[PDB]
file protein_15.cif (mmCIF, N, CA and C atoms)
data_structure
loop_
_atom_site.label_atom_id
_atom_site.label_comp_id
_atom_site.auth_asym_id
_atom_site.auth_seq_id
_atom_site.Cartn_x
_atom_site.Cartn_y
_atom_site.Cartn_z
N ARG A 1 52.57 75.98 84.65
CA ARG A 1 52.16 77.03 85.60
C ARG A 1 50.76 77.50 85.15
N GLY A 2 50.41 78.79 85.28
CA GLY A 2 49.11 79.34 84.83
C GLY A 2 49.28 80.03 83.48
N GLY A 3 48.21 79.95 82.68
CA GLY A 3 48.19 80.43 81.28
C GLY A 3 48.15 79.23 80.31
N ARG A 4 47.80 79.53 79.05
CA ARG A 4 47.78 78.53 77.95
C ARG A 4 47.87 79.20 76.58
N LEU A 5 48.69 78.61 75.71
CA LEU A 5 48.77 78.97 74.28
C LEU A 5 49.45 77.87 73.47
N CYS A 6 48.97 77.73 72.23
CA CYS A 6 49.53 76.75 71.26
C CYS A 6 50.24 77.48 70.12
N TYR A 7 51.42 76.96 69.78
CA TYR A 7 52.23 77.45 68.65
C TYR A 7 52.57 76.31 67.66
N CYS A 8 52.53 76.64 66.37
CA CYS A 8 52.90 75.70 65.29
C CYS A 8 54.31 75.91 64.73
N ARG A 9 55.16 74.92 65.01
CA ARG A 9 56.51 74.81 64.41
C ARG A 9 56.40 73.87 63.19
N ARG A 10 56.33 74.50 62.02
CA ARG A 10 56.09 73.84 60.71
C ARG A 10 54.67 73.21 60.69
N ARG A 11 54.55 71.88 60.67
CA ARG A 11 53.24 71.20 60.63
C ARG A 11 52.94 70.42 61.94
N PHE A 12 53.46 70.94 63.06
CA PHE A 12 53.15 70.44 64.41
C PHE A 12 52.93 71.60 65.39
N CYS A 13 51.70 71.68 65.88
CA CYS A 13 51.34 72.61 66.97
C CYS A 13 51.59 71.98 68.34
N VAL A 14 52.04 72.84 69.26
CA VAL A 14 52.38 72.47 70.64
C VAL A 14 51.70 73.40 71.66
N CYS A 15 51.06 72.79 72.66
CA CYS A 15 50.36 73.55 73.69
C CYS A 15 50.93 73.28 75.10
N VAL A 16 51.16 74.43 75.72
CA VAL A 16 51.81 74.53 77.04
C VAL A 16 51.01 75.46 77.97
N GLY A 17 51.22 75.21 79.27
CA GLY A 17 50.85 76.16 80.34
C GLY A 17 52.06 76.94 80.90
N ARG A 18 52.38 78.07 80.28
CA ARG A 18 53.52 78.93 80.69
C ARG A 18 53.26 80.42 80.41
N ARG B 1 46.99 72.76 88.34
CA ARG B 1 47.32 72.35 89.71
C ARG B 1 48.81 71.98 89.74
N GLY B 2 49.28 71.29 90.79
CA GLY B 2 50.68 70.83 90.94
C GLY B 2 50.99 69.62 90.05
N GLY B 3 52.29 69.41 89.83
CA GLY B 3 52.82 68.40 88.89
C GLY B 3 52.99 68.95 87.47
N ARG B 4 53.67 68.16 86.64
CA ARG B 4 53.84 68.45 85.19
C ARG B 4 54.16 67.17 84.41
N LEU B 5 53.50 67.04 83.25
CA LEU B 5 53.85 66.03 82.24
C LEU B 5 53.32 66.44 80.85
N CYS B 6 54.08 66.03 79.84
CA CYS B 6 53.76 66.31 78.43
C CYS B 6 53.46 65.00 77.68
N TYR B 7 52.46 65.06 76.81
CA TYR B 7 52.03 63.94 75.94
C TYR B 7 51.85 64.38 74.49
N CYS B 8 52.06 63.46 73.56
CA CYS B 8 51.82 63.67 72.12
C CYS B 8 50.63 62.87 71.57
N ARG B 9 49.77 63.59 70.88
CA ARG B 9 48.60 63.06 70.14
C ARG B 9 48.84 63.35 68.65
N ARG B 10 49.30 62.31 67.93
CA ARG B 10 49.78 62.40 66.53
C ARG B 10 51.00 63.36 66.50
N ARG B 11 51.07 64.31 65.56
CA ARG B 11 52.15 65.32 65.52
C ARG B 11 51.68 66.63 66.18
N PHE B 12 51.39 66.49 67.47
CA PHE B 12 50.98 67.56 68.40
C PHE B 12 51.20 67.12 69.85
N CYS B 13 52.18 67.76 70.47
CA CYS B 13 52.45 67.58 71.91
C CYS B 13 51.83 68.72 72.74
N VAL B 14 51.34 68.30 73.91
CA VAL B 14 50.71 69.19 74.90
C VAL B 14 51.40 69.06 76.28
N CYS B 15 51.48 70.17 77.01
CA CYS B 15 51.96 70.10 78.41
C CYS B 15 51.09 70.81 79.46
N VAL B 16 50.91 70.11 80.58
CA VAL B 16 49.98 70.51 81.68
C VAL B 16 50.42 70.09 83.12
N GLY B 17 49.86 70.82 84.08
CA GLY B 17 50.01 70.54 85.52
C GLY B 17 48.72 69.98 86.15
N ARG B 18 48.61 68.65 86.18
CA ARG B 18 47.43 67.95 86.71
C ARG B 18 47.81 66.60 87.36
#

call {"tool": "encode", "arguments": {"input": "protein_15.cif", "output": "structure tokens"}}
result
Amino acid sequence: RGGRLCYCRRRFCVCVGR
Amino acid sequence: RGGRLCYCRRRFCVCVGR
């Protein structure tokens, strides 16, 4: 959808539009 | 925009609507 942010779960970052 | 799919580049996954 609209928006963006990345989060790191241990040693892997993940980026989504939510 | 419309649609959704997620891809991984090494140990980092991204998700977008394009």

call {"tool": "interface_residues", "arguments": {"input": "protein_15.cif", "of": "chain B", "to": "chain A", "cutoff": "6 Å", "atoms": "only C-alpha atoms", "output": "compact mmCIF listing (two decimals) with N, CA and C atoms, in the coordinates of the input"}}
result
# COMPACT_ATOMS: atom_id res chain seq x y z
N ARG B 11 51.07 64.31 65.56
CA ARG B 11 52.15 65.32 65.52
C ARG B 11 51.68 66.63 66.18
N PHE B 12 51.39 66.49 67.47
CA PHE B 12 50.98 67.56 68.40
C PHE B 12 51.20 67.12 69.85
N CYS B 13 52.18 67.76 70.47
CA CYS B 13 52.45 67.58 71.91
C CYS B 13 51.83 68.72 72.74
N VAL B 14 51.34 68.30 73.91
CA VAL B 14 50.71 69.19 74.90
C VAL B 14 51.40 69.06 76.28
N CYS B 15 51.48 70.17 77.01
CA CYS B 15 51.96 70.10 78.41
C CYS B 15 51.09 70.81 79.46
N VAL B 16 50.91 70.11 80.58
CA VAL B 16 49.98 70.51 81.68
C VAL B 16 50.42 70.09 83.12

call {"tool": "calpha_fit_and_write", "arguments": {"input": "protein_15.cif", "fixed": "chain A", "moving": "chain B", "output": "PDB file with N, CA and C atoms, in the frame of the given file"}}
result
ATOM      1  N   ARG B   1      52.717  75.733  84.566  1.00  0.00           N
ATOM      2  CA  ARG B   1      52.270  76.823  85.441  1.00  0.00           C
ATOM      3  C   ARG B   1      50.926  77.333  84.900  1.00  0.00           C
ATOM      4  N   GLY B   2      50.464  78.515  85.336  1.00  0.00           N
ATOM      5  CA  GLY B   2      49.208  79.152  84.878  1.00  0.00           C
ATOM      6  C   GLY B   2      49.347  79.763  83.478  1.00  0.00           C
ATOM      7  N   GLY B   3      48.189  79.986  82.851  1.00  0.00           N
ATOM      8  CA  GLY B   3      48.078  80.427  81.445  1.00  0.00           C
ATOM      9  C   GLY B   3      48.022  79.253  80.463  1.00  0.00           C
ATOM     10  N   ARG B   4      47.697  79.582  79.213  1.00  0.00           N
ATOM     11  CA  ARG B   4      47.708  78.613  78.083  1.00  0.00           C
ATOM     12  C   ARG B   4      47.835  79.340  76.740  1.00  0.00           C
ATOM     13  N   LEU B   5      48.691  78.777  75.875  1.00  0.00           N
ATOM     14  CA  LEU B   5      48.764  79.160  74.458  1.00  0.00           C
ATOM     15  C   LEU B   5      49.407  78.036  73.619  1.00  0.00           C
ATOM     16  N   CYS B   6      48.945  77.959  72.375  1.00  0.00           N
ATOM     17  CA  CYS B   6      49.421  76.960  71.403  1.00  0.00           C
ATOM     18  C   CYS B   6      50.143  77.653  70.235  1.00  0.00           C
ATOM     19  N   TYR B   7      51.231  77.035  69.793  1.00  0.00           N
ATOM     20  CA  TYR B   7      52.054  77.490  68.647  1.00  0.00           C
ATOM     21  C   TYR B   7      52.364  76.351  67.680  1.00  0.00           C
ATOM     22  N   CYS B   8      52.536  76.683  66.409  1.00  0.00           N
ATOM     23  CA  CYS B   8      52.957  75.737  65.357  1.00  0.00           C
ATOM     24  C   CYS B   8      54.377  75.992  64.831  1.00  0.00           C
ATOM     25  N   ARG B   9      55.145  74.922  64.815  1.00  0.00           N
ATOM     26  CA  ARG B   9      56.514  74.852  64.251  1.00  0.00           C
ATOM     27  C   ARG B   9      56.464  73.871  63.068  1.00  0.00           C
ATOM     28  N   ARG B  10      56.390  74.442  61.852  1.00  0.00           N
ATOM     29  CA  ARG B  10      56.143  73.707  60.588  1.00  0.00           C
ATOM     30  C   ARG B  10      54.753  73.023  60.693  1.00  0.00           C
ATOM     31  N   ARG B  11      54.618  71.742  60.329  1.00  0.00           N
ATOM     32  CA  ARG B  11      53.352  70.993  60.486  1.00  0.00           C
ATOM     33  C   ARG B  11      53.382  70.161  61.782  1.00  0.00           C
ATOM     34  N   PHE B  12      53.477  70.906  62.879  1.00  0.00           N
ATOM     35  CA  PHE B  12      53.461  70.423  64.273  1.00  0.00           C
ATOM     36  C   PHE B  12      53.112  71.566  65.230  1.00  0.00           C
ATOM     37  N   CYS B  13      51.919  71.458  65.795  1.00  0.00           N
ATOM     38  CA  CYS B  13      51.463  72.381  66.853  1.00  0.00           C
ATOM     39  C   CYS B  13      51.647  71.762  68.251  1.00  0.00           C
ATOM     40  N   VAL B  14      52.020  72.659  69.168  1.00  0.00           N
ATOM     41  CA  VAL B  14      52.247  72.334  70.586  1.00  0.00           C
ATOM     42  C   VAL B  14      51.387  73.235  71.506  1.00  0.00           C
ATOM     43  N   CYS B  15      50.926  72.674  72.622  1.00  0.00           N
ATOM     44  CA  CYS B  15      50.249  73.509  73.642  1.00  0.00           C
ATOM     45  C   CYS B  15      50.738  73.338  75.089  1.00  0.00           C
ATOM     46  N   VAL B  16      50.889  74.485  75.751  1.00  0.00           N
ATOM     47  CA  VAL B  16      51.501  74.596  77.111  1.00  0.00           C
ATOM     48  C   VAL B  16      50.939  75.744  78.011  1.00  0.00           C
ATOM     49  N   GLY B  17      51.141  75.547  79.310  1.00  0.00           N
ATOM     50  CA  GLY B  17      50.824  76.541  80.352  1.00  0.00           C
ATOM     51  C   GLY B  17      52.086  77.184  80.959  1.00  0.00           C
ATOM     52  N   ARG B  18      52.501  78.317  80.388  1.00  0.00           N
ATOM     53  CA  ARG B  18      53.708  79.041  80.816  1.00  0.00           C
ATOM     54  C   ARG B  18      53.555  80.568  80.629  1.00  0.00           C
TER      55      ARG B  18
END

call {"tool": "select_by_dssp", "arguments": {"input": "protein_15.cif", "residues": "chain A", "states": "strand (DSSP E)", "output": "number ranges by chain"}}
result
A: 5-9, 12-16

call {"tool": "write_last_selection", "arguments": {"input": "protein_15.cif", "atoms": "N, CA and C atoms", "output": "mmCIF file, keeping the file's coordinate frame"}}
result
data_model
loop_
_atom_site.group_PDB
_atom_site.id
_atom_site.type_symbol
_atom_site.label_atom_id
_atom_site.label_comp_id
_atom_site.auth_asym_id
_atom_site.auth_seq_id
_atom_site.Cartn_x
_atom_site.Cartn_y
_atom_site.Cartn_z
ATOM 1 N N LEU A 5 48.690 78.610 75.710
ATOM 2 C CA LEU A 5 48.770 78.970 74.280
ATOM 3 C C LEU A 5 49.450 77.870 73.470
ATOM 4 N N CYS A 6 48.970 77.730 72.230
ATOM 5 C CA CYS A 6 49.530 76.750 71.260
ATOM 6 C C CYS A 6 50.240 77.480 70.120
ATOM 7 N N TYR A 7 51.420 76.960 69.780
ATOM 8 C CA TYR A 7 52.230 77.450 68.650
ATOM 9 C C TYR A 7 52.570 76.310 67.660
ATOM 10 N N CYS A 8 52.530 76.640 66.370
ATOM 11 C CA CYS A 8 52.900 75.700 65.290
ATOM 12 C C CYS A 8 54.310 75.910 64.730
ATOM 13 N N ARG A 9 55.160 74.920 65.010
ATOM 14 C CA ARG A 9 56.510 74.810 64.410
ATOM 15 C C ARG A 9 56.400 73.870 63.190
ATOM 16 N N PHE A 12 53.460 70.940 63.060
ATOM 17 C CA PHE A 12 53.150 70.440 64.410
ATOM 18 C C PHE A 12 52.930 71.600 65.390
ATOM 19 N N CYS A 13 51.700 71.680 65.880
ATOM 20 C CA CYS A 13 51.340 72.610 66.970
ATOM 21 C C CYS A 13 51.590 71.980 68.340
ATOM 22 N N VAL A 14 52.040 72.840 69.260
ATOM 23 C CA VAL A 14 52.380 72.470 70.640
ATOM 24 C C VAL A 14 51.700 73.400 71.660
ATOM 25 N N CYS A 15 51.060 72.790 72.660
ATOM 26 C CA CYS A 15 50.360 73.550 73.690
ATOM 27 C C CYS A 15 50.930 73.280 75.100
ATOM 28 N N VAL A 16 51.160 74.430 75.720
ATOM 29 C CA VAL A 16 51.810 74.530 77.040
ATOM 30 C C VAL A 16 51.010 75.460 77.970
#

call {"tool": "axis_aligned_box", "arguments": {"input": "protein_15.cif", "around": "stretch 6-11 of chain A", "padding_each_side": "6 Å", "output": "JSON"}}
result
{"center_x": 52.7, "center_y": 74.1, "center_z": 66.4, "size_x": 19.5, "size_y": 19.3, "size_z": 23.6}

call {"tool": "decode", "arguments": {"input": "protein_15.cif", "residues": "chain A", "atoms": "N, CA, C and O atoms", "output": "PDB file, in the first residue's frame"}}
result
ATOM      1  N   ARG A   1       0.887  -1.182   0.000  1.00  0.00           N
ATOM      2  CA  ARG A   1       0.000   0.000   0.000  1.00  0.00           C
ATOM      3  C   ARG A   1       0.925   1.233   0.000  1.00  0.00           C
ATOM      4  O   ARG A   1       1.960   1.142  -0.661  1.00  0.00           O
ATOM      5  N   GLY A   2       0.573   2.340   0.672  1.00  0.00           N
ATOM      6  CA  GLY A   2       1.416   3.553   0.761  1.00  0.00           C
ATOM      7  C   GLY A   2       2.157   3.569   2.098  1.00  0.00           C
ATOM      8  O   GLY A   2       1.667   2.996   3.072  1.00  0.00           O
ATOM      9  N   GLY A   3       3.363   4.137   2.053  1.00  0.00           N
ATOM     10  CA  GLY A   3       4.314   4.143   3.188  1.00  0.00           C
ATOM     11  C   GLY A   3       5.502   3.203   2.903  1.00  0.00           C
ATOM     12  O   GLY A   3       5.476   2.432   1.942  1.00  0.00           O
ATOM     13  N   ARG A   4       6.569   3.367   3.694  1.00  0.00           N
ATOM     14  CA  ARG A   4       7.776   2.512   3.630  1.00  0.00           C
ATOM     15  C   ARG A   4       8.580   2.568   4.935  1.00  0.00           C
ATOM     16  O   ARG A   4       8.767   3.640   5.499  1.00  0.00           O
ATOM     17  N   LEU A   5       9.032   1.391   5.371  1.00  0.00           N
ATOM     18  CA  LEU A   5       9.992   1.254   6.492  1.00  0.00           C
ATOM     19  C   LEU A   5      10.642  -0.133   6.484  1.00  0.00           C
ATOM     20  O   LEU A   5      10.078  -1.095   5.970  1.00  0.00           O
ATOM     21  N   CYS A   6      11.910  -0.140   6.903  1.00  0.00           N
ATOM     22  CA  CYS A   6      12.710  -1.383   7.018  1.00  0.00           C
ATOM     23  C   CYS A   6      12.986  -1.700   8.493  1.00  0.00           C
ATOM     24  O   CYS A   6      13.334  -0.824   9.283  1.00  0.00           O
ATOM     25  N   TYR A   7      12.810  -2.972   8.826  1.00  0.00           N
ATOM     26  CA  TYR A   7      13.114  -3.519  10.166  1.00  0.00           C
ATOM     27  C   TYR A   7      14.091  -4.711  10.097  1.00  0.00           C
ATOM     28  O   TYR A   7      13.980  -5.553   9.211  1.00  0.00           O
ATOM     29  N   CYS A   8      15.011  -4.752  11.057  1.00  0.00           N
ATOM     30  CA  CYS A   8      15.987  -5.864  11.187  1.00  0.00           C
ATOM     31  C   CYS A   8      15.616  -6.897  12.255  1.00  0.00           C
ATOM     32  O   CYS A   8      15.569  -6.614  13.455  1.00  0.00           O
ATOM     33  N   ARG A   9      15.289  -8.090  11.769  1.00  0.00           N
ATOM     34  CA  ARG A   9      15.089  -9.295  12.607  1.00  0.00           C
ATOM     35  C   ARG A   9      16.422 -10.076  12.613  1.00  0.00           C
ATOM     36  O   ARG A   9      16.802 -10.713  11.639  1.00  0.00           O
ATOM     37  N   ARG A  10      17.167  -9.883  13.704  1.00  0.00           N
ATOM     38  CA  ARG A  10      18.539 -10.409  13.907  1.00  0.00           C
ATOM     39  C   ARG A  10      19.504  -9.766  12.883  1.00  0.00           C
ATOM     40  O   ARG A  10      19.670  -8.549  12.920  1.00  0.00           O
ATOM     41  N   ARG A  11      20.032 -10.529  11.919  1.00  0.00           N
ATOM     42  CA  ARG A  11      20.973  -9.998  10.906  1.00  0.00           C
ATOM     43  C   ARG A  11      20.371  -9.980   9.476  1.00  0.00           C
ATOM     44  O   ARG A  11      21.070 -10.240   8.500  1.00  0.00           O
ATOM     45  N   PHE A  12      19.045  -9.792   9.413  1.00  0.00           N
ATOM     46  CA  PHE A  12      18.316  -9.578   8.143  1.00  0.00           C
ATOM     47  C   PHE A  12      17.275  -8.462   8.292  1.00  0.00           C
ATOM     48  O   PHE A  12      16.426  -8.497   9.182  1.00  0.00           O
ATOM     49  N   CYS A  13      17.500  -7.398   7.536  1.00  0.00           N
ATOM     50  CA  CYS A  13      16.518  -6.297   7.401  1.00  0.00           C
ATOM     51  C   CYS A  13      15.525  -6.584   6.277  1.00  0.00           C
ATOM     52  O   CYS A  13      15.828  -7.254   5.293  1.00  0.00           O
ATOM     53  N   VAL A  14      14.282  -6.172   6.530  1.00  0.00           N
ATOM     54  CA  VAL A  14      13.151  -6.352   5.612  1.00  0.00           C
ATOM     55  C   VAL A  14      12.397  -5.033   5.379  1.00  0.00           C
ATOM     56  O   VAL A  14      12.085  -4.322   6.336  1.00  0.00           O
ATOM     57  N   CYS A  15      12.146  -4.728   4.106  1.00  0.00           N
ATOM     58  CA  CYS A  15      11.446  -3.498   3.733  1.00  0.00           C
ATOM     59  C   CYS A  15      10.142  -3.781   2.973  1.00  0.00           C
ATOM     60  O   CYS A  15      10.001  -4.771   2.276  1.00  0.00           O
ATOM     61  N   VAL A  16       9.146  -3.088   3.509  1.00  0.00           N
ATOM     62  CA  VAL A  16       7.736  -3.216   3.081  1.00  0.00           C
ATOM     63  C   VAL A  16       7.113  -1.831   2.853  1.00  0.00           C
ATOM     64  O   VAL A  16       7.426  -0.861   3.543  1.00  0.00           O
ATOM     65  N   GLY A  17       6.068  -1.854   2.020  1.00  0.00           N
ATOM     66  CA  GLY A  17       5.100  -0.747   1.894  1.00  0.00           C
ATOM     67  C   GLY A  17       3.769  -1.023   2.622  1.00  0.00           C
ATOM     68  O   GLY A  17       2.799  -1.442   1.994  1.00  0.00           O
ATOM     69  N   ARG A  18       3.708  -0.674   3.909  1.00  0.00           N
ATOM     70  CA  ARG A  18       2.502  -0.884   4.750  1.00  0.00           C
ATOM     71  C   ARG A  18       2.355   0.196   5.840  1.00  0.00           C
ATOM     72  O   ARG A  18       2.598  -0.007   7.023  1.00  0.00           O
TER      73      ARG A  18
END
